[PDB]
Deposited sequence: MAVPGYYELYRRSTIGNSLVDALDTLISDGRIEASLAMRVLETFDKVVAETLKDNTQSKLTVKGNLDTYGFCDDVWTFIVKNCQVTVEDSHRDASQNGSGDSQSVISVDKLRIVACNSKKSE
């Protein structure tokens, strides 16, 4: 009964893992508490991106690799144009989960 954990691999999620690990190594918290924070994070990111996101970007390029396993799509786009709101990107890994249960 939870949310996807892919977001822990993002910049903000990875920073949280860092902060969480320093407190664990300092013995300021237990690893279990750290894991519980990560699981709350998963929820909060999913809700924050759903309710406080407005931008709509688009990616155009050559699909170098694709993959679909366990209800997860992975794409490696090379030599593409990412337009936000235009960005040139040599390589871009896209990992996505199902919007449905």
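Just jot down which stretches of the deposited chain sequence have no CA coordinates, in the order they come.
Missing from the model are residues 1-3, 89-104, 121-122.
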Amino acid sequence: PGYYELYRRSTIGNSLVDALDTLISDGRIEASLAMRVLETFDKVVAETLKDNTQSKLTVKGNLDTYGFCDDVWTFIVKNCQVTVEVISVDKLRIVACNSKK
From here on, numbers count along this sequence of modelled residues.
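Can you let me know which of the two, 20-28 or 86-94, has the higher average C-alpha B-factor in the entry?
Between 20-28 and 86-94, it is 86-94.
Between 34-42 and 50-58, point out the one with the higher average CA B-factor as the PDB entry records it.
If you average the C-alpha B-factors of 34-42 and of 50-58, the larger mean comes out for 50-58.
Should residue 4 be placed in the lowest, middle or highest third of its chain by the C-alpha B factor in the entry?
Middle third, going by the recorded CA B-factors of the chain.
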